[PDB]
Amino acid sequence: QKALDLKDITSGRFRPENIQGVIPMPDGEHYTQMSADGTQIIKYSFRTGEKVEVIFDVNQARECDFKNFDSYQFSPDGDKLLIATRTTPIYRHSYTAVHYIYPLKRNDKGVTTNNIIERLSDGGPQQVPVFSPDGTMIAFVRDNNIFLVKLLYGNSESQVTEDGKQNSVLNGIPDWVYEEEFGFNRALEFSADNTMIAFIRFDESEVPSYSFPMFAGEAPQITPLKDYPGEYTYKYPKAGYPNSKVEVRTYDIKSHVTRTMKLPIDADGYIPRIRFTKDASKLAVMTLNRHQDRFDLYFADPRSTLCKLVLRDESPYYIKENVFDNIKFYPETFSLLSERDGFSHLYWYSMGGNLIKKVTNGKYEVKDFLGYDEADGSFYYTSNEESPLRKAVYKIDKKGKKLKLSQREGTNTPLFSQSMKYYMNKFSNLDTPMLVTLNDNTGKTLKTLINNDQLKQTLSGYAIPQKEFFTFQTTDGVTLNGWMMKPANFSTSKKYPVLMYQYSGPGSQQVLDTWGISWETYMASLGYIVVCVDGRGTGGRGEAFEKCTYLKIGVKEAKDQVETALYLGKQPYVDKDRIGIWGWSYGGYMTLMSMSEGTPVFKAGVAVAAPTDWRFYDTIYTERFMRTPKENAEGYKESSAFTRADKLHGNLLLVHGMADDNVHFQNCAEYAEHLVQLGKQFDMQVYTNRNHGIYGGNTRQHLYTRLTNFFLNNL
């Protein structure tokens, strides 16, 4: 019966027990994980779940200068560990860290804990270090150049590129927009030979600069800025501006000759990935055109420079970013996820580019390709075949027989062993916070490592609202999925205020059979009905449902949020005059769109870190859905929150971080002044030195307290 406390939510007091840093060892029988302390790396058996041994310990390693470590990686051989310390984030995926090599060699007592640890580099902190296939070399990036460490040669460090320059030329790591929008941090590969390095070189010299102020602030304090403010500058192309010029280069480890691949790509095209195949003489180069609807897979010869078109996959809309990391190479074959038939499905290709078979078919979506077992010819993947709200692990055999491997319905995230014999399963649903099991490739639970019983017990003493799923029919006959969360004291006799939550961005889903206690859960415990509906444009229901928004985003999503409010307003326990809506990022943009759709259904709303005109956002994301402002002028105008701002109805709170390198604070500053000149009253909360995550010290608690009080006062 006690009441949830927001501070418990924001401080993560109900964060379920989990396992971090799980890496399948090459042997195929074992996995390693990080200790909770962050001070040990411990080996375990997939088959039994038994602790085999502690392989690494900060208090039991020689010349180890760090107290805790952040992350780690095994050499492909299994004899060395690359360990990262002092991890310093740059953008969402990039960071520097001081890395260390730890050899896994047994001593006189047969233990791997008393070895000596070698600083990976006597120079400065490193980016994206990667082992060569034999484990004898590590390539890394620092100051936008590539460096090579030869472990057989005294950790011999050589400099591969000399033209790296800040805000000008990047070697082996992507620029801001590629990193954010193709979702990756490394373009740096070794050949199966161990003889060649391949990398993408980004020339962003003629990409526009963007700069915003930095104040001293607090948590952290930037002390040089105590009296006079400073600034942050970086390359960021807005919609329709020029992107980096990119090319693929190779470096011959024994020769030291650098070569450029002769890739026939459009001047304004992209190279979202490179990947060495299992063939030593074949480097996969993935390329898109600027409209992002033609994916061309090339095989480049790292020595001759010759590039051969292997596959062309085309769309009347666009190719999604998630395809690229589902391309896995094997001696004679490779996988490909494609939406050609209207659903995300798995295709199996020969290494000549020749379609062997369509592995999955049906009106469901494959989410991830987990791997192929050559022993039986069988494919492992996750999908939502059960329902768009769920994900389960599946196996399809060589003849086409499908078996679902998950024991329980909800959200199943598997991490397979090297051999596909075993997998670790992390599971949740609305009622299960986390349950971690070890399973074999038939689905049998070999061991239950974590059940989160202690969490359930602690929770037992609190009065927890419960989510329930529901569907309803829009006025044009579309089924929408949503969840509804009612106070634990709910009465059909009483009428209640409503808080709608949504994200609503292309391909996204927030209606998922998974567990959480969030700020929404807290709102529900304060007496609100909290509802979340995934409108048109969201993922999991195939291409037509997702991409009906193409060239004019936000409009259809906004009507479906208005339709959701009308439907709630008809319910006898809902006070239609007290309906609020909020969201963050695309969700904040959708709050503005929805509150100014024309039907005055919302009393109040909060838009956090909201884009307000798509011309302020970046090239790769915006153009994927909208093309450029010059090709799609009317679409940009119609998708803009500015155009419909005179119909804004309800009390609005705009929240933004002033150091947002993702949705620039420009969005909020320009939109607010439009609102001022229209005579619309609204409220603001701007956060000094905060980015798109708005976090730091007491910031999140402060922010959710502000949102709580805003809806308490306006609903």
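Note that residue numbering begins at 1 and tracks the sequence as displayed.
So 420 to 428 or 572 to 580, which one's hotter by mean CA B-factor in the entry? Looking at the recorded C-alpha B-factors, 420 to 428 comes out higher on average.
Select between 13 to 21 and 702 to 710 the stretch whose C-alpha atoms have the higher average B-factor in the entry. Per the PDB entry, the higher value belongs to 13 to 21.
Highest recorded C-alpha temperature factor, please, choosing from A219, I146, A633, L355. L355 has the highest C-alpha B-factor of those listed.
Kindly indicate the residue among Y394, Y501, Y91, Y528 with the greatest C-alpha B-factor in the PDB record. Among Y394, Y501, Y91, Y528, the highest C-alpha B-factor in the entry belongs to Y394.
Please rank the C-alpha B-factors of the chain's modelled residues and tell me whether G400 sits in the lowest, middle or highest third. Ranked within chain, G400 CA B lands in the highest tercile.
Name the third of the chain's ranked CA B-factors that contains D660, choosing lowest, middle or highest. As the PDB entry reports it, the C-alpha B-factor of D660 lands in the lowest third of its chain.
Chain third (lowest, middle, highest) by recorded CA B-factor, residue given as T612: Ranked within chain, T612 CA B lands in the lowest tercile.
Please place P229 in the lowest, middle or highest third of its chain by C-alpha B factor as given in the entry. For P229, the deposited C-alpha B-factor lands in the lowest third.
Going by the entry, which third of its chain does the Cα temperature factor of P213 land in? Its C-alpha B-factor, which the entry lists for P213, ranks in the lowest third among residues of this chain.
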